[PDB]
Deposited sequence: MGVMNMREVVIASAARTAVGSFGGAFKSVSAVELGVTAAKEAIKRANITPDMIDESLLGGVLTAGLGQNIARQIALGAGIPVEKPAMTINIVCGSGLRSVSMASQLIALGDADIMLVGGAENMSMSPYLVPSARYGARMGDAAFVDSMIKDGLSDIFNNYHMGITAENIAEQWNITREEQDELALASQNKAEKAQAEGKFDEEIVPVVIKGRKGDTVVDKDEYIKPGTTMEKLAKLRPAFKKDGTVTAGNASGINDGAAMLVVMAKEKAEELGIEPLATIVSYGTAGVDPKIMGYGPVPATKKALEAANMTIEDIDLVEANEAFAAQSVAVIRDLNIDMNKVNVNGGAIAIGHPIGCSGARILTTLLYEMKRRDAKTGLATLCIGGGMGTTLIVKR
(Lines of atoms letter the chains of each structure in order from A and count residues from 1; the text may use other names and numbers.)
(Lines give C-alpha, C1' and ligand atoms only; values in the text may rest on other atoms or scores of the structure.)
Protein backbone atom coordinates (compact mmCIF):
# COMPACT_ATOMS: atom_id res chain seq x y z
CA UNK A 1 0.00 0.00 0.00
CA UNK A 2 1.65 3.24 -0.87
CA UNK A 3 1.74 6.35 1.27
CA UNK A 4 -0.41 9.38 0.53
CA UNK A 5 0.25 13.07 1.18
CA UNK A 6 -1.87 16.21 1.38
CA UNK A 7 -0.22 18.48 -1.16
CA UNK A 8 -2.26 21.61 -0.53
CA UNK A 9 -5.38 23.13 1.05
CA UNK A 10 -7.50 26.23 0.60
CA UNK A 11 -10.76 27.38 2.14
CA UNK A 12 -13.17 30.23 1.74
CA UNK A 13 -13.98 32.36 4.71
CA UNK A 14 -16.96 30.86 6.55
CA UNK A 15 -20.07 32.99 6.06
CA UNK A 16 -22.89 33.59 8.50
CA UNK A 17 -26.43 32.27 7.87
CA UNK A 18 -28.03 34.85 5.56
CA UNK A 19 -24.71 36.71 5.46
CA UNK A 20 -21.80 37.10 3.10
CA UNK A 21 -22.72 34.11 0.89
CA UNK A 22 -26.54 34.47 1.07
CA UNK A 23 -26.41 34.53 -2.77
CA UNK A 24 -23.04 32.78 -3.54
CA UNK A 25 -23.77 29.12 -4.29
CA UNK A 26 -22.03 26.08 -2.78
CA UNK A 27 -20.69 25.33 -6.28
CA UNK A 28 -19.27 28.86 -6.70
CA UNK A 29 -17.60 28.67 -3.25
CA UNK A 30 -16.23 25.24 -4.14
CA UNK A 31 -14.82 26.36 -7.46
CA UNK A 32 -13.04 29.31 -5.79
CA UNK A 33 -11.44 27.02 -3.18
CA UNK A 34 -10.64 24.24 -5.73
CA UNK A 35 -8.87 26.49 -8.19
CA UNK A 36 -6.65 27.82 -5.42
CA UNK A 37 -5.97 24.40 -3.86
CA UNK A 38 -4.80 23.24 -7.31
CA UNK A 39 -2.47 26.26 -7.67
CA UNK A 40 -1.13 25.72 -4.11
CA UNK A 41 -0.08 22.20 -5.20
CA UNK A 42 1.95 23.44 -8.20
CA UNK A 43 -0.18 21.37 -10.57
CA UNK A 44 -2.65 22.10 -13.34
CA UNK A 45 -6.30 20.90 -13.35
CA UNK A 46 -5.63 18.29 -16.04
CA UNK A 47 -3.35 16.51 -13.54
CA UNK A 48 -6.32 15.65 -11.28
CA UNK A 49 -7.39 12.01 -11.87
CA UNK A 50 -10.80 12.31 -10.15
CA UNK A 51 -12.69 14.39 -7.60
CA UNK A 52 -14.51 13.19 -4.47
CA UNK A 53 -16.36 15.94 -2.61
CA UNK A 54 -18.72 16.25 0.34
CA UNK A 55 -22.03 18.08 0.21
CA UNK A 56 -25.21 17.47 2.20
CA UNK A 57 -27.96 20.03 1.43
CA UNK A 58 -27.85 19.61 -2.34
CA UNK A 59 -31.56 19.93 -3.21
CA UNK A 60 -32.18 22.05 -6.29
CA UNK A 61 -28.48 22.45 -7.11
CA UNK A 62 -28.65 20.25 -10.20
CA UNK A 63 -26.90 16.95 -10.87
CA UNK A 64 -23.87 16.03 -8.75
CA UNK A 65 -22.29 19.19 -7.35
CA UNK A 66 -18.85 17.50 -7.21
CA UNK A 67 -18.91 17.35 -11.02
CA UNK A 68 -20.01 20.97 -11.15
CA UNK A 69 -17.11 22.04 -8.93
CA UNK A 70 -14.61 19.95 -10.90
CA UNK A 71 -15.64 21.29 -14.29
CA UNK A 72 -15.90 24.85 -12.95
CA UNK A 73 -12.33 24.56 -11.65
CA UNK A 74 -11.14 23.60 -15.13
CA UNK A 75 -10.64 19.86 -14.56
CA UNK A 76 -11.17 18.09 -17.93
CA UNK A 77 -14.47 16.43 -18.74
CA UNK A 78 -12.64 13.06 -18.90
CA UNK A 79 -11.97 13.05 -15.14
CA UNK A 80 -14.76 11.57 -12.97
CA UNK A 81 -16.33 13.37 -10.03
CA UNK A 82 -18.68 12.13 -7.29
CA UNK A 83 -20.52 13.69 -4.33
CA UNK A 84 -20.60 11.94 -0.95
CA UNK A 85 -22.86 12.33 2.09
CA UNK A 86 -21.83 11.13 5.53
CA UNK A 87 -23.49 14.30 6.93
CA UNK A 88 -21.11 16.38 9.11
CA UNK A 89 -18.17 14.10 8.28
CA UNK A 90 -18.40 14.43 4.51
CA UNK A 91 -15.62 16.98 3.99
CA UNK A 92 -13.10 14.88 5.97
CA UNK A 93 -14.06 11.40 4.81
CA UNK A 94 -13.68 12.59 1.22
CA UNK A 95 -9.98 13.03 2.12
CA UNK A 96 -9.54 9.63 3.81
CA UNK A 97 -11.52 7.79 1.15
CA UNK A 98 -9.51 9.39 -1.63
CA UNK A 99 -6.40 8.30 0.25
CA UNK A 100 -7.71 4.69 0.19
CA UNK A 101 -8.11 4.86 -3.62
CA UNK A 102 -4.64 6.37 -4.07
CA UNK A 103 -3.00 3.86 -1.63
CA UNK A 104 -4.52 1.04 -3.74
CA UNK A 105 -3.07 2.57 -6.91
CA UNK A 106 -6.29 3.46 -8.69
CA UNK A 107 -5.64 7.24 -8.61
CA UNK A 108 -2.43 9.27 -8.27
CA UNK A 109 -3.85 12.78 -7.64
CA UNK A 110 -7.36 13.74 -6.42
CA UNK A 111 -9.35 16.87 -5.57
CA UNK A 112 -11.10 16.39 -2.22
CA UNK A 113 -12.93 18.41 0.44
CA UNK A 114 -16.48 19.72 0.64
CA UNK A 115 -18.85 22.60 -0.01
CA UNK A 116 -22.06 23.72 1.68
CA UNK A 117 -24.45 26.65 1.40
CA UNK A 118 -27.02 26.33 4.19
CA UNK A 119 -28.50 29.81 3.49
CA UNK A 120 -29.46 28.74 -0.04
CA UNK A 121 -30.88 25.34 0.88
CA UNK A 122 -34.56 25.22 -0.13
CA UNK A 123 -37.93 24.44 1.32
CA UNK A 124 -39.68 21.25 0.14
CA UNK A 125 -43.30 20.35 -0.60
CA UNK A 126 -43.71 16.58 -0.28
CA UNK A 127 -47.37 16.62 -1.43
CA UNK A 128 -46.74 18.77 -4.53
CA UNK A 129 -46.41 16.00 -7.13
CA UNK A 130 -49.72 14.15 -6.47
CA UNK A 131 -51.53 16.80 -4.43
CA UNK A 132 -52.48 17.71 -0.84
CA UNK A 133 -56.19 16.91 -1.65
CA UNK A 134 -57.75 18.77 1.26
CA UNK A 135 -56.48 20.49 4.39
CA UNK A 136 -53.15 22.06 5.26
CA UNK A 137 -49.99 20.23 4.13
CA UNK A 138 -46.28 19.94 5.02
CA UNK A 139 -43.86 22.70 3.92
CA UNK A 140 -40.44 21.53 5.01
CA UNK A 141 -37.12 23.31 5.64
CA UNK A 142 -34.63 20.93 3.94
CA UNK A 143 -31.81 22.25 6.14
CA UNK A 144 -33.56 21.07 9.30
CA UNK A 145 -34.95 17.85 7.84
CA UNK A 146 -31.89 16.62 5.91
CA UNK A 147 -29.06 18.36 7.80
CA UNK A 148 -29.82 19.38 11.41
CA UNK A 149 -32.16 16.72 12.77
CA UNK A 150 -31.92 13.03 13.61
CA UNK A 151 -34.25 10.93 11.47
CA UNK A 152 -34.43 7.93 13.86
CA UNK A 153 -35.58 9.91 16.90
CA UNK A 154 -37.22 12.80 15.03
CA UNK A 155 -35.58 15.62 16.96
CA UNK A 156 -32.93 18.28 16.39
CA UNK A 157 -29.22 17.47 16.61
CA UNK A 158 -29.25 19.82 19.63
CA UNK A 159 -31.30 17.25 21.56
CA UNK A 160 -28.52 14.66 20.99
CA UNK A 161 -26.24 17.27 22.66
CA UNK A 162 -28.66 17.49 25.60
CA UNK A 163 -28.55 13.69 25.84
CA UNK A 164 -24.76 13.84 26.24
CA UNK A 165 -24.96 16.79 28.71
CA UNK A 166 -27.27 14.67 30.90
CA UNK A 167 -25.42 11.34 30.62
CA UNK A 168 -21.88 12.77 31.00
CA UNK A 169 -22.90 15.44 33.54
CA UNK A 170 -21.71 18.39 31.50
CA UNK A 171 -23.11 21.54 33.04
CA UNK A 172 -24.40 24.71 31.36
CA UNK A 173 -21.41 26.61 32.81
CA UNK A 174 -18.96 24.05 31.47
CA UNK A 175 -20.53 24.37 28.02
CA UNK A 176 -20.45 28.17 28.19
CA UNK A 177 -16.78 28.10 29.29
CA UNK A 178 -15.86 26.10 26.19
CA UNK A 179 -17.89 28.47 24.00
CA UNK A 180 -16.24 31.53 25.57
CA UNK A 181 -12.78 30.08 24.96
CA UNK A 182 -13.69 29.23 21.35
CA UNK A 183 -14.75 32.80 20.67
CA UNK A 184 -11.67 34.34 22.31
CA UNK A 185 -9.27 31.96 20.60
CA UNK A 186 -10.87 32.73 17.23
CA UNK A 187 -10.88 36.50 17.89
CA UNK A 188 -7.16 36.40 18.81
CA UNK A 189 -6.17 34.15 15.90
CA UNK A 190 -8.05 36.24 13.38
CA UNK A 191 -6.56 39.52 14.69
CA UNK A 192 -3.01 38.04 14.68
CA UNK A 193 -3.45 37.09 11.00
CA UNK A 194 -3.44 33.32 11.55
CA UNK A 195 -6.26 32.64 9.02
CA UNK A 196 -4.69 34.83 6.34
CA UNK A 197 -2.69 32.06 4.66
CA UNK A 198 -5.40 29.41 4.52
CA UNK A 199 -8.25 31.59 3.26
CA UNK A 200 -8.81 32.29 -0.45
CA UNK A 201 -10.89 35.41 -1.10
CA UNK A 202 -14.30 35.11 -2.73
CA UNK A 203 -14.96 37.87 -5.23
CA UNK A 204 -18.61 38.86 -5.74
CA UNK A 205 -19.22 40.94 -8.89
CA UNK A 206 -16.99 44.10 -6.62
CA UNK A 207 -17.20 42.82 -3.03
CA UNK A 208 -14.31 40.75 -1.60
CA UNK A 209 -15.10 38.30 1.20
CA UNK A 210 -11.91 37.22 3.05
CA UNK A 211 -12.82 37.20 6.73
CA UNK A 212 -14.67 34.63 8.84
CA UNK A 213 -17.98 36.42 9.49
CA UNK A 214 -19.39 34.46 12.37
CA UNK A 215 -16.81 35.15 15.07
CA UNK A 216 -18.30 37.24 17.94
CA UNK A 217 -15.56 39.40 19.51
CA UNK A 218 -16.22 40.50 23.09
CA UNK A 219 -18.32 37.45 23.89
CA UNK A 220 -18.45 37.19 27.68
CA UNK A 221 -19.66 34.68 30.26
CA UNK A 222 -22.26 37.21 31.42
CA UNK A 223 -23.74 37.39 27.92
CA UNK A 224 -23.61 33.61 27.41
CA UNK A 225 -25.23 32.91 30.73
CA UNK A 226 -28.31 35.07 29.83
CA UNK A 227 -29.15 33.07 26.71
CA UNK A 228 -32.25 30.86 26.70
CA UNK A 229 -32.04 27.12 25.91
CA UNK A 230 -32.42 26.68 22.14
CA UNK A 231 -33.78 23.09 21.86
CA UNK A 232 -35.34 21.88 25.12
CA UNK A 233 -37.30 23.62 27.86
CA UNK A 234 -35.00 23.93 30.88
CA UNK A 235 -32.10 22.66 28.76
CA UNK A 236 -28.41 23.53 28.75
CA UNK A 237 -27.69 23.95 25.02
CA UNK A 238 -28.10 27.48 23.66
CA UNK A 239 -27.37 29.31 20.41
CA UNK A 240 -24.24 30.60 22.14
CA UNK A 241 -22.81 27.21 23.06
CA UNK A 242 -23.86 25.45 19.83
CA UNK A 243 -22.27 25.60 16.40
CA UNK A 244 -23.60 28.05 13.87
CA UNK A 245 -25.48 27.57 10.63
CA UNK A 246 -23.02 28.65 7.94
CA UNK A 247 -21.81 28.66 4.31
CA UNK A 248 -18.37 27.80 2.98
CA UNK A 249 -16.11 25.49 0.97
CA UNK A 250 -12.71 23.93 1.63
CA UNK A 251 -10.67 21.96 -0.92
CA UNK A 252 -7.45 19.94 -0.81
CA UNK A 253 -5.21 18.11 -3.24
CA UNK A 254 -4.14 14.63 -2.17
CA UNK A 255 -1.60 12.51 -4.02
CA UNK A 256 0.68 9.52 -3.73
CA UNK A 257 3.86 10.38 -1.77
CA UNK A 258 5.92 9.15 -4.77
CA UNK A 259 4.00 11.48 -7.09
CA UNK A 260 4.67 14.50 -4.85
CA UNK A 261 8.36 13.52 -4.89
CA UNK A 262 8.37 13.26 -8.71
CA UNK A 263 6.78 16.67 -9.08
CA UNK A 264 8.94 18.38 -6.40
CA UNK A 265 5.90 19.23 -4.26
CA UNK A 266 6.48 19.94 -0.57
CA UNK A 267 3.32 18.55 1.03
CA UNK A 268 1.45 20.02 3.97
CA UNK A 269 1.50 16.59 5.62
CA UNK A 270 1.55 12.84 5.11
CA UNK A 271 -1.59 10.82 5.96
CA UNK A 272 -0.83 8.38 8.82
CA UNK A 273 -4.23 6.74 9.39
CA UNK A 274 -7.98 7.23 9.54
CA UNK A 275 -11.07 5.74 11.09
CA UNK A 276 -14.84 5.95 10.85
CA UNK A 277 -17.07 4.41 13.54
CA UNK A 278 -20.61 4.40 14.81
CA UNK A 279 -22.52 5.05 18.05
CA UNK A 280 -26.22 5.23 18.88
CA UNK A 281 -27.93 8.11 16.98
CA UNK A 282 -29.11 9.51 20.36
CA UNK A 283 -25.50 10.27 21.37
CA UNK A 284 -24.04 11.11 17.92
CA UNK A 285 -21.77 13.77 19.42
CA UNK A 286 -19.70 10.96 20.98
CA UNK A 287 -18.78 9.51 17.57
CA UNK A 288 -15.26 10.99 17.57
CA UNK A 289 -14.26 8.78 20.50
CA UNK A 290 -14.50 5.33 18.82
CA UNK A 291 -13.44 6.83 15.46
CA UNK A 292 -10.31 8.31 17.01
CA UNK A 293 -9.49 5.17 19.01
CA UNK A 294 -9.69 3.24 15.73
CA UNK A 295 -7.45 5.69 13.89
CA UNK A 296 -4.89 5.74 16.74
CA UNK A 297 -4.78 1.94 16.90
CA UNK A 298 -4.23 1.76 13.13
CA UNK A 299 -1.29 4.22 13.53
CA UNK A 300 0.17 2.37 16.55
CA UNK A 301 -0.22 5.68 18.41
CA UNK A 302 -1.86 7.00 21.53
CA UNK A 303 -3.30 10.45 22.10
CA UNK A 304 0.02 11.29 23.79
CA UNK A 305 1.71 11.09 20.37
CA UNK A 306 -0.53 13.83 18.93
CA UNK A 307 0.73 17.45 18.99
CA UNK A 308 -2.40 19.27 17.74
CA UNK A 309 -6.13 18.40 17.50
CA UNK A 310 -9.05 19.85 15.53
CA UNK A 311 -12.27 18.36 16.97
CA UNK A 312 -15.33 19.96 15.41
CA UNK A 313 -17.42 21.90 17.90
CA UNK A 314 -20.91 20.78 16.87
CA UNK A 315 -22.12 21.53 20.41
CA UNK A 316 -20.07 22.41 23.49
CA UNK A 317 -21.82 19.58 25.37
CA UNK A 318 -20.50 16.92 23.00
CA UNK A 319 -17.12 18.61 22.58
CA UNK A 320 -16.44 18.49 26.36
CA UNK A 321 -17.35 14.78 26.48
CA UNK A 322 -15.01 13.97 23.54
CA UNK A 323 -12.05 15.92 24.97
CA UNK A 324 -12.46 14.36 28.41
CA UNK A 325 -12.86 10.75 27.25
CA UNK A 326 -9.98 10.93 24.73
CA UNK A 327 -7.71 12.61 27.32
CA UNK A 328 -6.96 15.46 24.87
CA UNK A 329 -4.81 18.38 25.86
CA UNK A 330 -7.48 20.98 26.57
CA UNK A 331 -5.48 23.91 25.12
CA UNK A 332 -3.98 21.83 22.29
CA UNK A 333 -7.38 21.47 20.60
CA UNK A 334 -9.01 24.02 18.36
CA UNK A 335 -6.16 26.38 19.16
CA UNK A 336 -7.45 29.10 16.78
CA UNK A 337 -11.07 28.57 17.83
CA UNK A 338 -13.76 26.12 16.72
CA UNK A 339 -17.16 25.93 15.05
CA UNK A 340 -19.00 27.73 17.91
CA UNK A 341 -17.05 30.83 16.84
CA UNK A 342 -16.16 30.08 13.19
CA UNK A 343 -19.27 28.16 12.04
CA UNK A 344 -20.38 24.71 10.83
CA UNK A 345 -21.10 24.60 7.09
CA UNK A 346 -22.06 20.88 7.34
CA UNK A 347 -20.47 19.20 4.29
CA UNK A 348 -17.52 21.60 4.24
CA UNK A 349 -16.59 21.49 7.95
CA UNK A 350 -14.44 18.35 7.89
CA UNK A 351 -12.27 19.90 5.16
CA UNK A 352 -12.42 23.32 6.88
CA UNK A 353 -11.03 22.00 10.19
CA UNK A 354 -8.38 19.94 8.36
CA UNK A 355 -7.25 23.07 6.50
CA UNK A 356 -6.96 25.01 9.77
CA UNK A 357 -5.08 22.05 11.37
CA UNK A 358 -2.53 21.78 8.56
CA UNK A 359 -1.70 25.48 8.44
CA UNK A 360 -1.36 25.66 12.25
CA UNK A 361 0.84 22.53 12.37
CA UNK A 362 3.16 24.12 9.84
CA UNK A 363 3.43 27.44 11.63
CA UNK A 364 4.08 25.77 15.02
CA UNK A 365 6.46 23.30 13.51
CA UNK A 366 4.30 20.53 15.06
CA UNK A 367 4.95 16.94 13.95
CA UNK A 368 1.60 15.17 14.36
CA UNK A 369 -2.04 16.20 14.14
CA UNK A 370 -5.55 14.82 14.29
CA UNK A 371 -8.91 16.04 12.82
CA UNK A 372 -12.16 14.50 13.99
CA UNK A 373 -15.91 15.23 13.70
CA UNK A 374 -19.13 13.86 15.10
CA UNK A 375 -21.78 12.93 12.54
CA UNK A 376 -25.57 13.05 12.65
CA UNK A 377 -27.03 9.57 12.63
CA UNK A 378 -24.41 8.39 15.14
CA UNK A 379 -20.94 8.35 13.61
CA UNK A 380 -17.50 9.86 13.89
CA UNK A 381 -14.63 10.19 11.41
CA UNK A 382 -10.94 10.92 12.04
CA UNK A 383 -7.75 11.59 10.05
CA UNK A 384 -4.21 11.50 11.56
CA UNK A 385 -1.43 13.35 9.76
CA UNK A 386 2.31 13.98 10.25
CA UNK A 387 4.86 16.44 8.88
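Asker: Where does the model have holes with respect to the deposited sequence?
Answerer: Model skips 1-5, 211-214 of the deposited chain.
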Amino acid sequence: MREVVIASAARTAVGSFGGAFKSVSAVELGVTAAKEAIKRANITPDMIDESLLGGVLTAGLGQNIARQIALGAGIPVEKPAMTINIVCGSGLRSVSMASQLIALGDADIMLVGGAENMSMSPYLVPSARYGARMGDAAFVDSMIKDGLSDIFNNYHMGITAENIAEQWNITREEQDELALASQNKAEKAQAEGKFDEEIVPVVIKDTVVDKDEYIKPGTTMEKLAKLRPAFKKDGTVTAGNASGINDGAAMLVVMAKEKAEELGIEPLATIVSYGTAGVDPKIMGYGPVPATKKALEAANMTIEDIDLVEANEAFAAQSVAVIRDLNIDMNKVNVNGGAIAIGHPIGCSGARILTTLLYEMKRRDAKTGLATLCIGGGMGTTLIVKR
From here on, numbers count along this sequence of modelled residues.
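Asker: Please compare 248-256 with 228-236 and name the stretch with the higher mean C-alpha B-factor in the deposited structure.
Answerer: Stretch with the higher mean C-alpha B-factor: 228-236.
Asker: Give the stretch, out of 350-358 and 317-325, with the larger mean C-alpha temperature factor in the deposited entry.
Answerer: Taking the mean B-factor of the alpha carbons in each, 317-325 is higher.
Asker: Which is it among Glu116, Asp141, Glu310, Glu262: the one with the largest CA B-factor in the entry?
Answerer: Among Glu116, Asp141, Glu310, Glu262, the highest C-alpha B-factor in the entry belongs to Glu262.
Asker: In this PDB entry, which of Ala81, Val203, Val87, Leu148 has the top CA B-factor?
Answerer: Answer, based on the entry's C-alpha B-factors: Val203.
Asker: Lowest, middle or highest third: which one holds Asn42 when the chain's residues are ordered by CA B-factor from the entry?
Answerer: Its C-alpha B-factor, which the entry lists for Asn42, ranks in the middle third among residues of this chain.
Asker: Comparing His156 with the other modelled residues of its chain, is its CA B-factor in the lowest, middle or highest third?
Answerer: It falls in the middle third of the chain.
Asker: Sorting by Cα B-factor within the chain, modelled residues only, which third would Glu198 end up in: lowest, middle or highest?
Answerer: Answer is lowest: the recorded C-alpha B-factor places it there.
Asker: Which third of the chain holds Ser25 when residues are ordered by C-alpha B factor: lowest, middle or highest?
Answerer: CA B-factor rank for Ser25: middle third.
Asker: Taking the chain's C-alpha temperature factors as the reference, tell me which third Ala103 falls into: lowest, middle or highest.
Answerer: Middle third.
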